[PDB]
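Engineer: Before we start, here is the structure in question, set down as C-alpha cells.
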Amino acid sequence: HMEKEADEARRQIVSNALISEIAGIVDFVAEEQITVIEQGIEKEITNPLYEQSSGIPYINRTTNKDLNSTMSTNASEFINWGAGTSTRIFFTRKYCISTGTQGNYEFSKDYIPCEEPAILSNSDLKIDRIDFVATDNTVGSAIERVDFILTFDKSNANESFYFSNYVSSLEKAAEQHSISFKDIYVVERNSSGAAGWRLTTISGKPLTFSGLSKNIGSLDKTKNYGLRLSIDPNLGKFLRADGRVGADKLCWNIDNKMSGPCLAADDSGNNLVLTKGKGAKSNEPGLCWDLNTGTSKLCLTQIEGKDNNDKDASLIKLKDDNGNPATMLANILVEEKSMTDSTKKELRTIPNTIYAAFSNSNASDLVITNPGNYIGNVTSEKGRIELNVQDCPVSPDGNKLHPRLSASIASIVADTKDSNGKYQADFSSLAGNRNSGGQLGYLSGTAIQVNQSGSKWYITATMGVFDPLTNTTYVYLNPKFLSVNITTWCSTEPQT
C-alpha cells in the first residue's frame, strides 16, 4: 500500500513514455505514403521504408516471421536503438534542430518527439532494439510485424526477473493508444550488445511472458533479461464494417481527390465537427439534405458574421444552392436577458397574431344598465372573445414556460343608437371596417381585460361613450365596434 504509489506508480510514467515511442514508430511503419515539407509546402511521397533506393536504417528487415524462430544477430537486419546510436535522427524531423540534422525528411507531423523523453534516459527499462519483420525478401519489403526489445537494467545484485511488474502498466498504457501486443516473449543475452539478444527457452521452447511465473525457478539468474513486445502494424489500421475501429477523422473525395469536407471529434466526447475541404474556394462548411427529385438541396452552412461589438463571429445559414434562405419547421425558443434585471435570463416562443372584434350587436347586450354596481362574469359574458389556452413547447429543465396573451386596440369608435335604435359600426372584418357608420358620440375610452382558466382565455372590454344628441352617458360591454390584435406566445415571464 505504501510502495504501491511510490514504486508501482513511478513505473507507469515509464510505460507511458515507452508506449508513446512504440505507437509513433508503428504509425510510421503503417504509413506507406507520408506527408513531408519540401518547398515550404506539403507533399506526399513514398515512406523511405518502402523505397528500394533507401539505405540504413530504412531498408533494415529481419526475417523471423515465426514468433518462435531465431532472432536476427545482424546489425543491418535489426535496428539498434537508444544511446550510442544515431537511429532516432531517421525517424524524426530533419528540422528538429534549426540547421537541420543528417535526416533527409521534414515530416509534417512528429511521429515521435525530437528529443527522447528524459524519463527514458535514466530508467531501468529502455527500448534497446527494434525488429521490422519483412513479409518477403525484397528490398523495402512491407512489414508484417514490429518487435520492440526492451532491455532491463537491473540496479541490483539479485532480482534479475523483476520486469514482470512493468507488464501490467504496459498493457493498460497500450489500451490508451488503441494498440495491443500480438505476443510478449522473454529474451536474454550476456553482453551489452544489441546483436546478442535471443529468445529465452525452457527445454527448447521459447518462453512467453504468460509462462514466466511457473518456470521462473529454472533460469540462470546471472544473465541479462528483457521483453520482446510484438505489435501488428495492420491491427486496427483500417475502419471496419462492424464499427469496432475508431476514426481520427474522415474526409470525403471530390473527383478522385481527398478535397471534400472532414468530420472529427473535439475533446469533449460529445461533438463531431465539420470543417471545409482542401478544395473549397470559400470557407463555408455545410451539412446538406437532398431528395434527388429535381429541386435544390438544402444546407446548414457556417458563414462569417459580426457580433454586438463589431467583433468577428459566425452564424449558421439554412439555404438552397441559389443562396436564398430556406425553411425550417420547428418550435423556437429564444433566450434573452430580462430588460429589468440583467442577471436573469428569459425564454420565449415565436408569437401568433389574431385579429378579432368583440361581438355584441344589440342594445340589450351592449348597454350595461347598472354600471358601477355591475360585476362582470368574464367566463360567461356575451360578446366576449374566447380562445383555447395554447400548449407550450419543450423547455430546458430550469425553465417553466407560461402561456401568454395580450390585446392591442385595432379600431375603436364611440358608436351610438341611430334613429332605429341600432348600432351600425362593426369591426368584425378588417377588410370592411370603414364600410358601416354614421353619427358617433364622444369616446371616454376602453378597459380591455384578459383572464385565464386552466384551458380557456377570456378577453372582455368595457367602453365609455357620451352621446351628445341625447345627453346620456353609456357604458358598453364587449362591443362589435371595438377590435383588437391579439398576440399569443409562451414565456418564462408570467402572465399578469
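Chain labels A, B, ... are given in the sequence in which chains occur in the C-alpha cells; within each chain residues are numbered consecutively from 1, and ligands are likewise numbered from 1 in the order shown.
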List every residue of segment 39-188 of chain A that DSSP, applied to the backbone of this structure, places in strand (DSSP E), and write the result as a ChimeraX atom specification.
Structural biologist: /A:42-46,79-80,125-134,143-152,183-188
Engineer: If we count only C-alpha atoms and set the cut-off at 9 Å, which residues sit around segment 156-163 of chain A, ignoring sequence neighbours fewer than 2 positions away in its own chain? Please answer as number ranges by chain.
Structural biologist: A: 125, 152-154, 165-167, 216, 221-227
Engineer: Tell me, as a PyMOL selection string, which residues lie within 12 Å of residue 395 of chain A, counting only C-alpha atoms; anything in the same chain fewer than 3 positions away does not count.
Structural biologist: chain A and resi 331-335+346-349+391-392+398-402+490-492
Engineer: Quick one: residues within 9 Å of residue 207 of chain A, only C-alpha atoms counted, chain neighbours fewer than 4 positions away excluded, as a list in words?
Structural biologist: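 Residues meeting the cut-off are residues 68, 184, 185, 186, 187, 199, 200, 201, 202, 211, 212 and 215 of chain A.
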Engineer: Write the residues you've just listed into a file as a CSV table (one decimal), in the first residue's frame, and include N, CA, C and O atoms for each of them.
Structural biologist:
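Saved file part24.csv follows:
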```
chain,number,residue,atom,x,y,z
A,68,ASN,N,8.5,-18.0,-32.9
A,68,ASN,CA,9.4,-18.9,-32.2
A,68,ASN,C,10.8,-19.1,-32.8
A,68,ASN,O,11.6,-19.8,-32.2
A,184,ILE,N,4.1,-11.4,-26.2
A,184,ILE,CA,5.2,-10.9,-25.4
A,184,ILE,C,6.1,-12.1,-25.0
A,184,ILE,O,5.7,-13.0,-24.3
A,185,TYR,N,7.4,-12.0,-25.4
A,185,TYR,CA,8.3,-13.1,-25.1
A,185,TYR,C,9.4,-12.6,-24.2
A,185,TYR,O,9.8,-11.4,-24.3
A,186,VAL,N,10.0,-13.5,-23.4
A,186,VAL,CA,11.1,-13.2,-22.6
A,186,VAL,C,12.4,-13.4,-23.4
A,186,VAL,O,12.5,-14.4,-24.1
A,187,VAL,N,13.3,-12.4,-23.4
A,187,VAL,CA,14.5,-12.5,-24.1
A,187,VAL,C,15.7,-12.4,-23.2
A,187,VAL,O,15.6,-11.9,-22.0
A,199,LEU,N,15.8,-15.4,-27.9
A,199,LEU,CA,14.6,-15.9,-27.1
A,199,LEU,C,15.1,-16.8,-26.0
A,199,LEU,O,15.9,-17.6,-26.1
A,200,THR,N,14.5,-16.5,-24.8
A,200,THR,CA,14.7,-17.4,-23.7
A,200,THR,C,13.9,-18.7,-23.9
A,200,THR,O,12.8,-18.6,-24.4
A,201,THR,N,14.5,-19.8,-23.6
A,201,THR,CA,13.8,-21.1,-23.8
A,201,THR,C,13.7,-21.9,-22.5
A,201,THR,O,14.6,-21.8,-21.7
A,202,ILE,N,12.6,-22.7,-22.4
A,202,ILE,CA,12.5,-23.7,-21.4
A,202,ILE,C,12.5,-25.1,-22.1
A,202,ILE,O,11.5,-25.3,-22.9
A,211,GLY,N,4.0,-17.7,-19.6
A,211,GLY,CA,4.6,-18.9,-18.9
A,211,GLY,C,5.7,-18.6,-17.9
A,211,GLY,O,6.2,-19.5,-17.3
A,212,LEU,N,6.0,-17.3,-17.8
A,212,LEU,CA,7.2,-17.0,-17.0
A,212,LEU,C,7.1,-17.4,-15.5
A,212,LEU,O,8.1,-18.0,-15.0
A,215,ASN,N,7.7,-21.1,-14.5
A,215,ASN,CA,9.0,-21.6,-15.0
A,215,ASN,C,10.2,-20.7,-14.5
A,215,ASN,O,11.3,-20.8,-15.0
```
Engineer: Apply DSSP to the backbone of this structure and, from segment 45-163 of chain A, keep only the residues in alpha helix (DSSP H); write these as a PyMOL selection string.
Structural biologist: chain A and resi 119-122
Engineer: Which of these residues is nearest to residue 69 of chain A, using only C-alpha atoms: A:308, A:257, A:204, A:471?
Structural biologist: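 The answer is A:204, which sits nearest to residue 69 of chain A.
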Engineer: Between atom CA of residue 390 of chain A and atom CA of residue 377 of chain A, what is the spacing in Å?
Structural biologist: 22.4 Å
Engineer: Extract, using only C-alpha atoms, all DNA, RNA and protein residues at most 9 Å from residue 460 of chain A, discarding same-chain residues fewer than 2 positions from it, and format them as a list in words.
Structural biologist: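 Near neighbours after the sequence-gap exclusion: residues 358, 378, 381, 383, 384, 385, 386, 447, 448, 449, 450, 451, 458, 462, 477 and 478 of chain A.
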Engineer: Give me a file of those residues, with C-alpha atoms, as an mmCIF file, in the first residue's frame.
Structural biologist:
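Printed below is selection-v8.cif as written:
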```
data_model
loop_
_atom_site.group_PDB
_atom_site.id
_atom_site.type_symbol
_atom_site.label_atom_id
_atom_site.label_comp_id
_atom_site.auth_asym_id
_atom_site.auth_seq_id
_atom_site.Cartn_x
_atom_site.Cartn_y
_atom_site.Cartn_z
ATOM 1 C CA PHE A 358 -65.956 41.678 -29.701
ATOM 2 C CA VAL A 378 -65.833 37.209 -17.703
ATOM 3 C CA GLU A 381 -70.409 37.416 -20.662
ATOM 4 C CA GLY A 383 -69.789 39.198 -26.882
ATOM 5 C CA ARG A 384 -66.527 38.104 -25.250
ATOM 6 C CA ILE A 385 -63.599 36.733 -27.204
ATOM 7 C CA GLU A 386 -62.779 33.221 -26.028
ATOM 8 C CA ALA A 447 -60.677 48.898 -20.401
ATOM 9 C CA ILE A 448 -59.663 45.611 -22.030
ATOM 10 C CA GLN A 449 -59.170 42.700 -19.634
ATOM 11 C CA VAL A 450 -57.624 39.292 -20.249
ATOM 12 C CA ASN A 451 -58.310 36.348 -17.980
ATOM 13 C CA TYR A 458 -61.267 35.198 -21.819
ATOM 14 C CA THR A 462 -65.967 47.936 -21.414
ATOM 15 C CA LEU A 477 -69.877 45.615 -22.880
ATOM 16 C CA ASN A 478 -67.826 43.706 -25.493
#
```
Engineer: Name the residues in contact with segment 39-46 of chain A at a cut-off of 12 Å, using only C-alpha atoms, excluding same-chain residues fewer than 3 positions from it; report them as a ChimeraX atom specification.
Structural biologist: /A:28-36,49-54,58,105-109,140
Engineer: Looking at only C-alpha atoms, which of A:418, A:426, A:147, A:136 is the one that sits closest to residue 80 of chain A?
Structural biologist: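 Using only C-alpha atoms, the shortest distance to residue 80 of chain A belongs to A:147.
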Engineer: Write out as a ChimeraX atom specification which residues come within 12 Å of residue 273 of chain A when counting only C-alpha atoms, dropping same-chain ones fewer than 5 positions away.
Structural biologist: /A:248-251,261-268,285-287,302
Engineer: Ranking A:177, A:228, A:434, A:172 by minimum distance to residue 71 of chain A and counting only C-alpha atoms, which one comes first?
Structural biologist: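 Going through A:177, A:228, A:434, A:172 one by one, the smallest distance to residue 71 of chain A is for A:228.
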Engineer: Pick from A:453, A:369, A:364, A:419: nearest to residue 388 of chain A, with only C-alpha atoms counted?
Structural biologist: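 The closest residue to residue 388 of chain A is A:453.
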Engineer: Please, what distance in Å, to one decimal, runs between atom CA of residue 360 of chain A and atom CA of residue 382 of chain A?
Structural biologist: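 Straight-line distance from atom CA of residue 360 of chain A to atom CA of residue 382 of chain A works out to 6.7 Å.
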Engineer: From the set A:417, A:13, A:424, A:47, which residue has the shortest atom-to-atom contact distance to residue 123 of chain A, counting only C-alpha atoms?
Structural biologist: A:13
Engineer: What does the distance from atom CA of residue 300 of chain A to atom CA of residue 320 of chain A come to in Å, to one decimal?
Structural biologist: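 We find that atom CA of residue 300 of chain A and atom CA of residue 320 of chain A lie 9.1 Å from each other.
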Engineer: Select, from A:99, A:295, A:352, A:104, the residue with the minimum atom-to-atom distance to residue 38 of chain A, counting only C-alpha atoms.
Structural biologist: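 Nearest candidate to residue 38 of chain A out of A:99, A:295, A:352, A:104: A:104.
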